[PDB]
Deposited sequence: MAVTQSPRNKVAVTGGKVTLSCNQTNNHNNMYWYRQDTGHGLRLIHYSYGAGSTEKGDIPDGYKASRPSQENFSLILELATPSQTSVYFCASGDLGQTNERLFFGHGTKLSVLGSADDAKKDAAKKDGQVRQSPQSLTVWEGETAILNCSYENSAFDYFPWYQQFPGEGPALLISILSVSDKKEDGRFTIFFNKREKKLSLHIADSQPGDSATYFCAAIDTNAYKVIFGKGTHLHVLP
């Protein structure tokens, strides 16, 4: 058995956290990993016997102590929110893992309101990728946080070309219609939709939604939707 303690932990930024691991396997080697999206398992620190600690691939912000054969601790002296993760102890000669410790390091004042300034200047598109058969209505969506945005242009971009204006709406309206192209604009929800009716293969392109403050003179772009219209 490899047993970890605690199994869930919440801490505050700047706090100190210690994670404990106990093994009964009688193994010389122990390991601390964390598990994150996009990263798999990254080795933080390890130990090849009692009294010894070795920095792993990602040591910074952590220390370790192997006081005895059975015990390997992981010490976060100044917890940061980047330390939020699932942490796994393992013992080996042929490698056995604990059950995991979920750690949540909370943000600041500073963090929470900087992370609100952040969002408020973003335009968010969904989906990133949209595949429809020809004849479906393809529906692309955009959302924004600034109430001062009043003009909403959409751009259409074909491979090896620059974006070209497709269709726009001013916040005074709830609907703009031009051929196969309709904008629906919900000012209370701060949410816009572009409907391409009777979709054709030749409408396959990257679609960008922007949000322009017509007074403060600044242009904010969504990251885009890749549209694929299949015959």
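Annotation: deposited residues 1, 95-100 are not represented by C-alpha coordinates in the model.
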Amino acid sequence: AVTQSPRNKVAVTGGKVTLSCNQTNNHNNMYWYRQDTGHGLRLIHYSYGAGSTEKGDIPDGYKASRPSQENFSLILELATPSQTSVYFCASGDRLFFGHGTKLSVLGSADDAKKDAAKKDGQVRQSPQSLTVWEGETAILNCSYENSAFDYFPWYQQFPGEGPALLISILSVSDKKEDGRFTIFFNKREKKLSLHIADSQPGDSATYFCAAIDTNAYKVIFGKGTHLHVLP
From here on, numbers count along this sequence of modelled residues.
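Remark: stretch with higher mean C-alpha B factor among 197-205 and 36-44 is 36-44. When 60-68 is weighed against 167-175, 167-175 comes out higher, by mean CA B-factor as recorded in the entry. Out of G98, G107, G135, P153, the entry records its largest CA B-factor for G107.
The PDB entry gives the largest Cα B-factor of the residues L74, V86, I139, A148 to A148. Residue-level temperature factors show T225 in the lowest third of its chain, judged at the C-alpha atom. The entry lists a Cα temperature factor for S143 that places it in the middle third of the chain's modelled residues. Per the PDB record, residue ranking by Cα B-factor puts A90 in the lowest third of the chain.
Placement of the Cα temperature factor of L19 within the chain: lowest third of the modelled residues, per the deposited record.
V123: CA B factor in the middle third of modelled residues in this chain (values from the PDB entry).
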